[PDB]
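Chemist: generate coordinates for the sequence data below:
(chains A, B, C and D, ligands or ions: 8)
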Amino acid sequence: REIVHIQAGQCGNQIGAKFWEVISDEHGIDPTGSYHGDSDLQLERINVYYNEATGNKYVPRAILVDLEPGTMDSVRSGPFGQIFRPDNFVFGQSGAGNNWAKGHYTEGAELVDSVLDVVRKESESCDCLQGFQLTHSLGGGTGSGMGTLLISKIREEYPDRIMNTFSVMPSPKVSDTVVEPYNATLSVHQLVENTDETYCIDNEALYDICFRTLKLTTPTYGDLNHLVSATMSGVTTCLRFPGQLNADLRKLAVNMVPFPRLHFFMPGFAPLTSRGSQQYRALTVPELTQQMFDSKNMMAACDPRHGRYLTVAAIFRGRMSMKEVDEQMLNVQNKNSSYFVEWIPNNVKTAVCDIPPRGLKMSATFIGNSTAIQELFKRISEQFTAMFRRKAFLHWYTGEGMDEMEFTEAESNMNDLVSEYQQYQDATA
Amino acid sequence: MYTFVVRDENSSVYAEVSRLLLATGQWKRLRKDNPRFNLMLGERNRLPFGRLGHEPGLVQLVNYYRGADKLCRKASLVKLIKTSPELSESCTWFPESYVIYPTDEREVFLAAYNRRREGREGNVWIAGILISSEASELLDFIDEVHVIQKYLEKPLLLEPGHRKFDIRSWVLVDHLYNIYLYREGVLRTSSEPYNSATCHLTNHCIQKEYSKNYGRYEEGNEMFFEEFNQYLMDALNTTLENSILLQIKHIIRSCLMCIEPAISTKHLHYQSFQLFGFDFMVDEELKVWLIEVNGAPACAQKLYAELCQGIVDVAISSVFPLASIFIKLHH
Amino acid sequence: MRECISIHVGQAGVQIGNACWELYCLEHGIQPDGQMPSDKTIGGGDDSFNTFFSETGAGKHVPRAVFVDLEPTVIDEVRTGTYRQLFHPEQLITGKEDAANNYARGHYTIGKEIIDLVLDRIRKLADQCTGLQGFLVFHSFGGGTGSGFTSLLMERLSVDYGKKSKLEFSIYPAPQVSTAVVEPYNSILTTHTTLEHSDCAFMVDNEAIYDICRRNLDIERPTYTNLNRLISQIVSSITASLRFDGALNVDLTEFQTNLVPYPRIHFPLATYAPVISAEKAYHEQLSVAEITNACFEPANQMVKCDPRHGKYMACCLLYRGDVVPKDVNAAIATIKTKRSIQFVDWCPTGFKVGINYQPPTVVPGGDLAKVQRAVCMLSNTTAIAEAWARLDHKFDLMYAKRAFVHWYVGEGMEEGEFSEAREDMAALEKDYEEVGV
Amino acid sequence: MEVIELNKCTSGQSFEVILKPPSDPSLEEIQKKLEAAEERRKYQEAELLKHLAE
Ligand SMILES: Nc1nc2c(ncn2[C@@H]2O[C@H](COP(=O)(O)OP(=O)(O)OP(=O)(O)O)[C@@H](O)[C@H]2O)c(=O)[nH]1
Ligand SMILES: Nc1ncnc2c1ncn2[C@@H]1O[C@H](COP(=O)(O)OP(=O)(O)CP(=O)(O)O)[C@@H](O)[C@H]1O
Ligand SMILES: *[C@]12O[C@@]3(C)CC[C@H](OC(=O)[C@@H]1[C@H]1[C@@H]4[C@H]5[C@H](O)[C@@H](C)[C@H](O)[C@@H]5C=C(C)[C@@H]4C[C@H]13)[C@H]2C
Ligand SMILES: Nc1nc2c(ncn2[C@@H]2O[C@H](COP(=O)(O)OP(=O)(O)O)[C@@H](O)[C@H]2O)c(=O)[nH]1
Ligand SMILES: [Ca+2]
Ligand SMILES: [Mg+2]
Ligand SMILES: [Mg+2]
Ligand SMILES: [Mg+2]
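Modeler: Numbers count the residues shown, from 1 in each chain, chains lettered A, B, ... in the order given. Ligands and ions are numbered 1, 2, ... in the order given. Please see the structure below:
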């Protein structure tokens, strides 16, 4: 059951490259594509993300997309840059100018057929394609505008396959341009319609984890991307290693998405420990479990206590008491049962994987479908309106052929989404 | 922390229990439909016993014994006593009784009637109630299930007043089937002199709405054990313990041991406790008779605080420890 | 001699089937290569064990079994397991992508594409039977294949084998091992569609097996392997009468006449004793009286429920090992004086008793200790309706908000099928209520 | 407490003990519903492709 991975634009390719570095290490694959591991678990489900070439080389089933060459040149020169299939680098030269319209309608439109050609070649080599994972930001032009253009074209050609995204949401605190709320609002509606699962990663949360928890006085995008790649490794653990729960993209969606539009997840990771003598301290299962549910370990800058969990998937990695994992997971639900909707019984699923991530003896990864995610879309909507009420910065988009009505419609669509979440934050049983 | 749910809002007894539980700071009240509870204060009718004890990681306890209705329904109690060899038709402490359906042992009652009246050995039977000496008026009143039983014509009468009464005893059965008799009983007394030909029913509600002397001898037509014991000593040269309580304890134990195999939760996936209200009558020879068993009893206002705290200590905290007013009837 | 064909559907059905056929071979002295040194009739026979095993000219004893799963990884471990030599490729059917825990995907979308193949492979087995009596069908309630494809197959079997009996071994979902939030939906949907097509169904609640493994085998976190070896013991006790000489439950029809007086109320409760940890060097051997008494403990039942608060319609005691009728009767007499056992008025208060002198076989290396005598009680009690009440309650909670319903409608299922199935379960609970009080 | 119908063989025996006496869809109908569901899938997919065409 192959998954096809797509990474688009600057943010998508920098986080995507780190992800492939992380999981390549977990599966024993060096930058040469040669396996040098010690456990057969590393290869059991290796074909989910890797193709096998002659000589028993393993090639990531990854397509790298950008409208300018800069970031992908860096990837090709990066640590694991030589592991990607050269033909899977698809790029233009003009850039997208942090402009959703350029990504979605003009510059992106000229390149998208080339990307779909590579997607089709990868998909054709799958004897049981699960679907696609896309990594991108929503605040820029290529990842946001061309990324959502790609998602729509892929759905048209592969309508019965799962579409999953890791979507980096912009925040004014970690921002490149003032138009990010426009790009993000336009993209969210695309995701509402055309993905099955979207992991919402807020750069605000990432920055605060680095600064407040990890004690990094000056976080960089690189530091932010460390957290994201480790989180992506965690939430895909059940896809990449033998297991029973959420072992493929569709069973995961069936467990996590009770209503089709409410498929935006808050990911979390534990432990998050400051570097120093504290980093060698052993974690216990109770501490690991309490930290994985702590808001400060979540990455969508939403307070889960402001809403309710529709569904939760938890993944524990490392050698630990599986009996004690069950105990502590039940303790969390039975102690704070008010934060789990009571009309979805047994809505918290727990997986355990014996292989721990690099740099940790034990870790836990959290995937929550919480109505509190409405706070994230409320923030974007407020920032959108503050500018749109004065039509500020719109000429960048009308110059690419867009009309104001499309903005009005994206605004209404996100307000609808927010009110849909509010419908279930109060619904009782 | 421990969690519980409240599902009988009209229960005065467990309203006080839940308020004590919250007042410990170690219990939280969940919504009544939240399944992740340790303790259920269940509804009176159709308590969903089949959904208890299926929550991984939760020890679950409920304040009712499934199957205890057999003992706490008029017709059921008669059937249980007459058909259980542990209690026998030859049961000395339960008045002669029969079950009759309107619109069944109605034939057997008439047979024992004909024998009673033709001997002239007193023939008054009780049945929204009415006492009659002719069976015609008794069987006539029912067809508009019921039970008719021998009316104790020679009750013990308190003096002064020539007053009839009944004794309520509260009994707590915990999850180990320990039987705890609350040390404090209460006599629901009639304020009217007992007329042999409203003064026959000692119900607190009837004695407040239809009674002329409500509350003149004792506050609320309720005489507690200290005063009654003192009376038996002064008037009859005996004690409450000797003349009455030994029989009450005997009867309580017989009834509850009889149904233990049917209702015990010893090896069940959930646990039960329940509070019972046994009603007794005392005749002029100081013989105690069981009248009925209530499965959802209230308490005397002066005793609510003491008994409810006792319920937390014996029934709830014994299963869910935190960080004697009862007499244990042994087996 | 009349043949029985076993069909194993989805992961739970296939892995339980593997456990059972492993145990059968141990019980009948059939080695993993299919040979049976005690079978002196080469290449043929009409013995009791031929009900479940055909024979090749080379003397291989081949299970009369078909395995079906919508993904290949579970059945691929049958193809390479210890007893791989027992089965030929025609018996193992696998698809590409599974039903994603979605009854509609298993029943409509994916089932429609594979049903004809499965029936063709069953037809091949049926053509080898001189007098096929029917089918034993193993499946979970909770999986999309176990729920959705099973109900489709059961419908077609009623059409293609109208006079044949069909028995079920059904895995009822438990959150402690369950894999999907929507399993209550799949359970109600498949029960509704299968009800009129099944003559007798033995439900096994994973919760009960899980707790028996934790308490009696002292396994702290039971796996499917532990669970299935215990389930295979129960299944083996139930089918032993079809596979060995005897006079009780010698054909599938007798299961119905002995255990199911009313067609819709066809879910007998199984209770099994003793379950003894093999890591114990010495365990006091339990008497006939003690293992029989244990048949009335909820802790030993395949479904946790309280038979004291229901009524029995039939009761069968199936003993294996050193058991003589005299001790059974003396045990029953005592138990009748101590326990609450109430039959419905129009049924006789009694027990049909079967004794097989061969004690239970245990898998070498397994968790179960060898015992000198064991018993499985099959009682049709209304108390098992507690399990329906639990499932229907969880259904009601989710369906009131239409949670996850779009997954089913998206596969071509109509929303009305949900409420139709739920009303059927409401009528079932009402039926048990009518019989039980 | 009476024993009835005692059968004895080399492999075991069976008997009954009494403590107290007593006091469809056709093939075309199935394929009709399967094809109806499949047409609902085809309709929903046609609507989606139409939406994407817009
Ligand atoms: N006792 C037991 N239960 C199992 C086993 N395998 C799965 N289950 C249970 O079966 C239910 C899940 O159904 P599965 O059989 O795995 O699903 P499936 O039939 O393969 O259907 P899909 O995978 O959705 O196509 C859950 O309740 C599991 O706990 C097993 O080997 N033994
Ligand atoms: N056989 C009898 N002989 C004399 N008095 C009797 C009697 N049976 C009932 N009574 C009187 O009837 C009154 C109440 O009737 P009964 O106890 O049967 O139902 P009840 O519901 O009123 C009791 P409770 O108020 O505790 O629920 C009692 O106080 C008792 O004095
Ligand atoms: C990653 O994140 C941190 C929070 C701890 C958990 C996991 O283990 C790691 O090793 C790693 C750490 C990263 C630091 C490296 O240890 C070191 C080379 C340098 O200081 C890295 C900078 C960071 C911001 C990370 C902090 C650690 C990983 C998910
Ligand atoms: N976490 C993270 N965010 C990034 C990174 N690069 C850019 N961003 C964010 O992505 C948005 C800018 O979009 P970007 O990917 O650079 O534009 P694109 O190339 O047109 O897709 C802003 O919200 C930035 O804060 C990165 O490497 N990591
Ligand atoms: Ca032979
Ligand atoms: Mg940029
Ligand atoms: Mg009463
Ligand atoms: Mg499966």
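Chemist: quick one, what contacts the closest residue to chain A within the stretch 301-437 of chain C?
Modeler: Among the residues of the stretch 301-437 of chain C, residue C:403 lies closest to chain A, at 3.9 Å counting by CB to the nearest CB. Backbone N, C-alpha and C define where each C-beta goes, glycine included. Contacts for residue C:403 (CB atoms under 8 Å, 6 or more residues apart in numbering or on different chains) come out as A:258-259, A:310, A:343-344.
Chemist: closest residue of chain C to ligand 5?
Modeler: Nearest residue of chain C to ligand 5 (CB to the ion) works out as residue C:45 at 2.9 Å.
Chemist: ranges for the strands of the chain?
Modeler: You didn't say which chain, so I picked chain A. In order along the chain, chain A carries the following strands (DSSP state E): A:3-8, A:50-53, A:57-60, A:62-66, A:89-91, A:131-137, A:162-169, A:197-202, A:264-270, A:309-318, A:348-353, A:362-370.
Chemist: that's the wrong chain, I meant chain C
Modeler: Going by DSSP E, chain C shows strands at C:4-9, C:53-55, C:61-63, C:65-69, C:92-94, C:134-140, C:165-172, C:200-205, C:269-273, C:312-321, C:349-356, C:373-381.
Chemist: work out the gap between stretch C:75-92 and the centre of the chain.
Modeler: 21 Å (CA atoms, centre = their mean, to the nearest Å).
Chemist: compute the first-to-last residue distance for it.
Modeler: 7 Å (CA to CA, to the nearest Å).
Chemist: now do the buried residues in it.
Modeler: Neighbour counts over stretch C:75-92 (16 or more other CB atoms under 10 Å in any protein chain shown) mark C:75, C:78, C:83, C:86-87, C:91-92 as buried.
Chemist: and what of stretch B:65-83?
Modeler: Applying 16+ other CB under 10 Å to stretch B:65-83 flags B:65-68, B:70-73, B:76-78, B:80-82 as buried.
Chemist: next step: these restricted to helices.
Modeler: When DSSP state H is applied, the buried residues of stretch B:65-83 are split such that B:70-72, B:76-78, B:80-82 fall in helices.
Chemist: for chain D, which residue is closest to the average position?
Modeler: Note on chain D: the residue nearest the mean C-alpha position is residue D:24, at 10.8 Å, using CA atoms, centre = their mean.
Chemist: what's the neighbour count on the closest residue to it other than its chain neighbours?
Modeler: Nearest residue to residue D:24, sequence neighbours excluded (CB to CB, 6 or more residues apart in numbering or on different chains): residue C:196, at 5.9 Å. Residues near residue C:196, counting by other CB atoms under 10 Å in any protein chain shown, number 14.
Chemist: for residue C:428, same thing?
Modeler: Residue C:428 has 19 nearby residues by other CB under 10 Å.
Chemist: hang on, it packs against residue C:387?
Modeler: No: look at residue C:428 against residue C:387 with CB atoms under 8 Å: they stay out of range, at 10.9 Å.
Chemist: quick revisit: and the furthest pair within the buried residues of stretch B:65-83?
Modeler: The distance between the two most remote of the buried residues of stretch B:65-83 (CB to CB) is 22.8 Å, for B:66 and B:82.
Chemist: ok, residue 79 - contacts?
Modeler: Using chain A. A:21, A:31.
Chemist: switch to chain C, that's the one I care about
Modeler: C:87, C:92.
Chemist: for residue C:13, same thing?
Modeler: Counting by CB under 8 Å, 6+ apart, residue C:13 has contacts C:7, C:67-68, C:137-140, C:146, C:150, C:171.
Chemist: possible to save these as a markdown table with neighbour count and distance to ligand 8?
Modeler: Formatted as a markdown table, those follow (neighbours: other CB atoms under 10 Å in any protein chain shown; distance: CB to the ion, whole Å):
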| residue | neighbour count | distance to ligand 8 |
| --- | --- | --- |
| C:7 | 25 | 16 |
| C:67 | 27 | 12 |
| C:68 | 27 | 11 |
| C:137 | 24 | 16 |
| C:138 | 29 | 14 |
| C:139 | 32 | 11 |
| C:140 | 29 | 9 |
| C:146 | 32 | 8 |
| C:150 | 32 | 12 |
| C:171 | 28 | 12 |
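Chemist: how close does the residue of the stretch 251-400 of chain C found nearest ligand 4 sit to residue D:17?
Modeler: Across the stretch 251-400 of chain C, the shortest distance to ligand 4 (CB to the nearest ligand atom) belongs to residue C:398, at 36.2 Å. Distance of residue C:398 to residue D:17, computed by CB to CB, to the nearest Å: 46 Å.
Chemist: strands of chain D, residue ranges please.
Modeler: Under DSSP E, chain D gives strands at D:2-9, D:12-20.
Chemist: same question, the stretch 151-300 of chain B
Modeler: Applying DSSP state E, counting those that start in this stretch to the stretch 151-300 of chain B gives strands spanning B:163-173, B:179-182, B:186-193, B:222-223, B:271-272, B:274-282, B:288-294.
Chemist: list the neighbouring strands of the third one plus their orientation.
Modeler: So the one you mean is strand B:186-193. With DSSP bridges as the test, strand B:186-193 is paired with strand B:163-173 (antiparallel), strand B:222-223 (antiparallel).
Chemist: tell me what angle it forms with strand B:274-282.
Modeler: Strand B:186-193 and strand B:274-282 are oriented at 40 degrees to each other (axes from the mean of the first three to the mean of the last three CA atoms, to 10 degrees).
Chemist: quick check: buried residues in strand B:186-193?
Modeler: By neighbour count on 16+ other CB under 10 Å, the buried set for strand B:186-193 is B:186-192.
Chemist: take those residues and write them to CSV, including distance to ligand 2.
Modeler: As requested, the buried residues of strand B:186-193 are arranged in CSV below (distance: CB to the nearest ligand atom, whole Å):
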residue, distance to ligand 2
B:186, 11
B:187, 10
B:188, 6
B:189, 10
B:190, 8
B:191, 13
B:192, 12
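Chemist: list just the nearest of the residues you listed to ligand 5.
Modeler: residue B:186 (80.8 Å).
Chemist: pretty sure that closest one sits against residue B:165.
Modeler: No: using CB under 8 Å, residue B:186 makes no contact with residue B:165, being 9.8 Å away.
Chemist: between these two, which contacts overlap?
Modeler: Joint contacts of residue B:186 and residue B:165 (CB under 8 Å, 6+ apart) are residue B:223.
Chemist: distance of the residue of chain D found nearest chain C relative to ligand 8?
Modeler: Chain D approaches chain C most closely through residue D:37 (3.2 Å), counting by CB to the nearest CB. Counting by CB to the ion, to the nearest Å, the gap from residue D:37 to ligand 8 is 21 Å.
Chemist: OK, contacts around that residue?
Modeler: Contacts of residue D:37 (CB under 8 Å, 6+ apart): C:104, C:108-109, C:411-414.
Chemist: and residue B:141, by the same measure?
Modeler: B:127, B:130, B:132.
Chemist: can you do 7 Å?
Modeler: B:127, B:130 (CB atoms under 7 Å, 6 or more residues apart in numbering or on different chains).
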